[PDB]
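Below is one structure, written out as structure tokens, with a few remarks after it.
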């Protein structure tokens, strides 16, 4: 009963802030968004934009997903994002992450009625 959409919002939406406040952003939020529960999730991106703005990407530039499906969409304009990559070590259950900030075009897979993001495919 956790939806694809809700999982996407949870794993990748942080409308709260406008960027990664510190360099302890990833460590703190990977934990709070349940991405360190069963293992250390190796990589995750967070997006600092309204849910409406990210949702509207589902009708922006249609592009191929990395898997060969056709339901991926690239944002016309750049967005504030935060990449979390696990440091060399870092051992579960003390998951440690490099927190990288940038302004990039996001790529998301959208599905459903209504048609919303369910997967973060890439940033460029």
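From the list 110, 84, exactly one residue is surrounded by 19 or more Cβ atoms within 10 Å (Cβ to Cβ), closer than 26 Å to residue 24 by Cβ and touching a helix residue (DSSP H, G or I) at 6+ places or on another chain (Cβ under 9 Å). Which is it?
Unique residue meeting the criteria: 84.
Could you give every pair whose Cβ atoms fall below 9 Å, whose first residue belongs to region 82-97 and is in contact (Cβ under 8 Å) with a residue 40 or more places away in the chain and on the phi > 0 side of the Ramachandran plot, and whose second residue is in a loop (DSSP other than H, G, I, E, B) and surrounded by 12 or more Cβ atoms within 10 Å (Cβ to Cβ), counting only separations of at least 6 or pairs across chains?
That search, which allows pairs on different chains as well, returns 90/40; 90/96.
Return the residues of region 66-81 that are assigned to a loop (DSSP other than H, G, I, E, B) and either surrounded by 14 or more Cβ atoms within 10 Å (Cβ to Cβ) or within 15 Å of the chain's Cα centre (by Cα) (or both); say none if nothing qualifies.
Hits for region 66-81 are 71, 75, 78.
Every residue in region 1-60 that is within 20 Å of residue 95 (Cβ to Cβ), in contact with a strand residue (DSSP E or B) (Cβ under 8 Å, 6 or more places away or on another chain) and part of a helix (DSSP H, G or I), please.
Once the filter is applied, which keeps residues that are within 20 Å of residue 95 (Cβ to Cβ), in contact with a strand residue (DSSP E or B) (Cβ under 8 Å, 6 or more places away or on another chain) and part of a helix (DSSP H, G or I), region 1-60 yields 7, 11, 12, 25, 26, 27, 29, 30.
Can you pull out every residue in region 38-58 that is free of Cβ contacts under 8 Å to residues at least 40 places away in the same chain, more than 16 Å from residue 103 (Cβ to Cβ) and surrounded by fewer than 13 Cβ atoms within 10 Å (Cβ to Cβ)?
38, 52
Here are the criteria: (1) touching a helix residue (DSSP H, G or I) at 6+ places or on another chain (Cβ under 9 Å); (2) more than 20 Å from residue 110 (Cβ to Cβ); (3) in contact (Cβ under 8 Å) with a residue 60 or more places away in the chain. Tell me which single one residue 14 does not satisfy.
Checking residue 14 against (1) touching a helix residue (DSSP H, G or I) at 6+ places or on another chain (Cβ under 9 Å); (2) more than 20 Å from residue 110 (Cβ to Cβ); (3) in contact (Cβ under 8 Å) with a residue 60 or more places away in the chain, the one that fails is (2).
Given the conditions (1) surrounded by fewer than 19 Cβ atoms within 10 Å (Cβ to Cβ); (2) within 17 Å of the chain's Cα centre (by Cα), and given that residue 97 satisfies all but one, which numbered condition is not satisfied?
(1)
With ideal geometry, Cβ positions are generated from the backbone for all residues, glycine too; neighbour counts draw on all protein chains shown. Values in this text are rule-based calculations from the coordinates and carry no lab data.
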